[PDB]
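Chains as they are written, first to last, in the authors' numbering: chain C, 1 to 276; chain C', 1 to 57; chain C'', 1 to 276; chain B, 77 to 255; chain A, 35 to 264; chain A', 35 to 264. A prime marks a further copy of an entry chain.
Structure follows, in structure tokens:
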């Protein structure tokens, strides 16, 4: 028979597109393949690897070379040799042109897809040298302080007394690595963005300068990592250069986390050029 | 993940007001009280009587 | 295959927004976070407390200082010293300006979010004094009667004989508290609102006056709580002031309840000022 | 044996404050900021070398009235004063009742010679920023509840003592204790 | 005894937590494309007067009018958790019926209302709702905060921009095709207030119809009636 | 410790795989009937300058602007799996509200955008969605590749036509009745990227509003706001 429905009415919601902004949920698309189900198997391994290459854990732990410096016969007790603010938005200069923003490192590019970050950073120094060089260097991390404020007017380090100190004998060791903790009164810091040097509505966006830690900068970086010399790099100028390069790489620690994905800080292109 | 729905389509009926004329069924009204459930207990006895006064009998 | 649906049709309801006005139910919003689920944990404790701070039980039991008065050498047997109507819409005067409505107490502000109230009230008197003061005072509650009608033309209390009486020796006791029952022929009374003193469509809204209990007022308050003196506050004027302050606080009892939330009686602002 | 904490747990004399007959209902006797009010050289010395710290805070108020003087104080606490919406901060100076609603304790000089209050660290920041000095996390304030009631005008000293408890220190640093 | 509540009311309410999940209206805009500061919880500044031929009360909203949400929030110092957002249209534009709400995070942008200018904020969280088919737009907003405890009506500053720690550093970008639009909000499921302070600075609401100075009552509020009829 | 992520964020994200299922906008068209190259993953070519009275940046899209999808993809060399497609209308054409997306496979046709000319491509996979009733068009696209591993932004060639092995030899034919239409895409469920290379060539996005040369900022992006208001 053709009986009267006893199926009670349910309330409904009209949405044009659900989970549009979401990694969760069931996409309600129409498929184009003949088979509604058509999916393809997760082939393993893929691109030579079985490691997950799309994992943040994987990506942010890829070493970014981001800076070098010199250590020499010149260099003097307590002379700062090198500093960096500790944060993930580490950048380079484009070759083609000379914009202010610059070319992001991988790390920076990736973190760039989020607003919030936290965690520790793995900094790695390589001392390209021979055995006939001898000298010491102390790596020190100064939380809650910018790279101007770690050195007095003479470029000598200030109050090294008060922090984690890492002595390096070059007679022995040619390389050194360490982890800088996250250190903040906030659970999350913000992925540093370029700031407007000009006044509105004039816009000249430039990378931030963390010479100083105060509440204009404080929530973009934990502090400043500094490499002070202890001895001049004494060597036989007779047979070896009396100055050497020191290379610095960074990757993320295990505890490293980002969140609040949105409009990214960085934007990718197929080529960059000067205007006629 | 964000998999393709496998939930088949059901046919639906557009009514503006169901059971409007009916003592049966589920009224589909919006409630005004803060609590969607808000109902009040059938107090007994009521108006001095426990006999059903609305009964035709 | 692609078989014919055997899924019978259900009746549906088109609503633009469900549970909009409701604390119940499932909100049908789109989430902005990447994760549809994104919720955050109920952190405990929070703001130093694990007690629920949003509970009416919690809030209405916060003491509201709302009134004082004086007890002195002047004061005379049966002389009323102080009265209040018993109800939750207890108010103060703004400092900045002098509107009629006034600044609500916390209690009043809160209850203000509902129309109906019921329950008992905890009134607390503190007698700021020394030990060298001596005197008695009777606190008495008069249900179904307004604050003019509790005292005769001389400001002497009327028919105290007929009610709960609470004698207080000041030689001994410096403080006193009590609960006033709800007492009504209605299960619920109404949160008193300001009334129009003017005639429509002229509007001058003023706080209600419960000098008298009759069926223009009766459903805003249970009655009047009165503090009559028994003895003058005899003291050595030689070494102590012959008049003292008496402070009165109120909070809600356990049995206290409100309901019918709607447009509130009170409205909050970031600042209040005179017009140029 | 001794340790940093032991010092911050040391109870300091913070101030003597005048309260006299003329002072009236809700007249503020003081309004002291946490941690500022406790930041004595002694403390600063020991806190030196650390980015920040957090703690609960103990407040003893002392009032040596004599038998014929009656009166009554509030001591209350309020969070993050620096950044509270003004209307709040105002409501406090406006009406004692908006202090009585707070975390507080009353003192009746005739009965009590003293009373305490303890205040937990409460803030968005997990500690007090010792370099940025970003927002003192609370403040104690003592408004007069019921004015000092002597026969003839007179005045009284309200002493304050205080220390920290449940202390927690931040990562150490070459940055300097905010002035 | 919970008898009365069952005999008369039919419900029984115990915490404001219950109440603030009810959506109340906040603010109106004329902008097709608007930047709104979600976690703004301020209320208007008020002005009273007794002098003749002057409107008695007058209200200057900085970020909107009192919702249940804010009205309550005034009592507390802190908040945490997320919020809901409801949106109503002046115009059901048949051929362009859509609404975008998007997650707005520009670092330099200031945390108060402003009309959309940016044309270059690609790839953000975008929700879409159809004004024609579903009368109202309904949305949920993650706490997404840099800290575990935020502050009621934090004093924003000129270039506090959108990175103040004392709030979630997040705003709404609302792009409609109704000229006029009405905004409202309730708290989300996980939302909570903190550290009760006392009554907030407040004035009678029923009193806002005062006109005893002859000069008629001007000050109105964002309700449906007031919006839909213009 | 995963406490912060639960106390503040309310979520916790671990792989870009998660992110690239979020739909971002790619490209706009004026064509009622358009041929789009689905698995084009290129990004624009950029131009900078410091000289007065010149727009600082300028962008030449070959097949569209950076989606989350492509933005990410730039880091990797290879891809496999299928994609989603979202479409938005300028015009909800009441009497002709429909959209066709169809599977387009003409062998000789070139793998870049072009307006539909062919009238003779019968019997193809056609999905239909109703712009009026369901505001947006939503679609899923099989990898349908000749090989198990395809290449990020493969250099297409003049007559690489539509049979290059280095991609799925498949395009969309989109026939609407909205003059203007807005395209977006996320990755499908089965999609995956491969062989991480490093950072891609990139420039600040927030910087695209530079105008210090006096000549105002011209370069805009395909967002909703920019589309819906013209």
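By construction, the Cβ of each residue, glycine as well, lies at the ideal position given by its N, Cα and C atoms.
- The residue among C':19, C':45, C':1, C':36 with its C-alpha nearest the C-alpha of residue 8 of chain C is C':19.
- Residue A':234 holds the alpha-carbon nearest to the alpha-carbon of residue 105 of chain A' among A':240, A':63, A':121, A':234.
- Residues of chain A with a Cβ closer than 8 Å to the Cβ of residue 39 of chain C' are, in chain order, 44.
- Using a Cβ-Cβ cut-off of 8 Å, residue 120 of chain A' is close to nothing in chain C'; its nearest Cβ partner there is about 12 Å away.
- For residue 60 of chain C, not one C-beta of chain B is nearer than 8 Å to its own C-beta.
- For residue 75 of chain C, no alpha helix (DSSP H) segment is defined, and its DSSP state is neither H nor E.
- Interface annotation, residue 35 of chain C': in contact with chain A, CB-CB separation under 8 Å.
- Contact annotation: in the region 7-21 of chain C'', residues whose CB is within less than 7 Å of a CB in chain A are 16, 17, 20, 21.
- One alpha carbon belongs to residue 154 of chain B, the other to residue 165 of chain A', and they sit about 56 Å apart.
- With a beta-carbon spacing of about 43 Å, residue 171 of chain C and residue 194 of chain C fall beyond the 8 Å limit used to define contacts.
- Taking the Cα of residue 236 of chain C as reference, the smallest distance to any Cα among C:73, C:21, C:56 is reached at C:73.
- Close partners of residue 47 of chain A in chain C' (Cβ separation under 7 Å): 34.
- For the region 129-184 of chain A', the full-length beta strand (DSSP E) segments reaching 3 residues or more read 132-138, 160-164, 171-175 along the chain.
- Each of A':141, A':142, A':122, A':143 was checked against the Cα of residue 134 of chain A', and the nearest Cα belongs to A':122.
- Within the region 116-143 of chain C'', the beta strand (DSSP E) runs of at least 3 residues that lie entirely inside it are, in chain order, 121-127, 136-143.
- Burial state of residue 157 of chain A is buried, judged by a 10 Å Cβ sphere holding 16 or more other Cβ atoms.
- Annotation for residue 114 of chain A: the continuous beta strand (DSSP E) segment containing it runs 110-114.
- Close to chain C'', meaning a Cβ-Cβ distance shorter than 7 Å, are the following residues of the region 158-181 of chain B: 161, 162, 163, 170, 171, 172, 173, 176, 177.
- Counting along the chain, residue 163 of chain B sits inside the alpha helix (DSSP H) bounded by residues 162-170.
- DSSP places residue 262 of chain A in the helix class (H, G or I) of the three-state scheme.
- Note on geometry: alpha-carbon atoms of residue 36 of chain C' and residue 26 of chain C'' lie some 11 Å from one another.
- Counting only Cβ-Cβ distances below 7 Å, residue 43 of chain C' has contacts in chain A at 41, in chain order.
- Its chain contains 78, 79 as the residues whose beta carbon lies nearer than 6 Å to that of residue 94 of chain A, once the 5 sequence neighbours on both sides are disregarded; these appear in chain order.
- DSSP places residue 194 of chain B inside the beta strand (DSSP E), whose first and last residues are 190-195.
- Those residues of the region 203-223 of chain A' placed with their C-beta closer than 7 Å to a C-beta in chain C' are 223, ordered along the chain.
- Boundaries of the alpha helix (DSSP H) around residue 120 of chain B: 117-123.
- Residues are counted here when their Cβ sits less than 9 Å from a Cβ of chain A; for the region 185-207 of chain B these are 198, 199, 200, 201, 202, given in chain order.
- For residue 212 of chain B, there are no neighbours in chain A by C-beta distance under 9 Å, as the nearest C-beta there is about 14 Å away.
- Chain order gives no chain C'' residues near residue 36 of chain A', where near means a beta carbon separation below 9 Å; the closest approach is about 10 Å.
- Chain-ordered, the chain C'' residues with CB closer than 9 Å to the CB of residue 23 of chain C read 34, 35, 36.
- For residue 53 of chain A' and residue 102 of chain A', the gap between their C-alpha atoms comes out near 8 Å.
- Closest option to residue 248 of chain C, judged by alpha-carbon separation, among C:180, C:263, C:176, C:274: C:176.
- For residue 65 of chain A, no pairing in a beta bridge is given by DSSP.
- Per DSSP, residue 111 of chain C is not a residue of any beta strand (DSSP E); the alpha helix (DSSP H) it occupies stretches across 106-111.
- It is roughly 11 Å from the alpha-carbon of residue 110 of chain C'' to the alpha-carbon of residue 108 of chain A.
- DSSP lists A':58 as the beta-bridge partner residues of residue 219 of chain A'.
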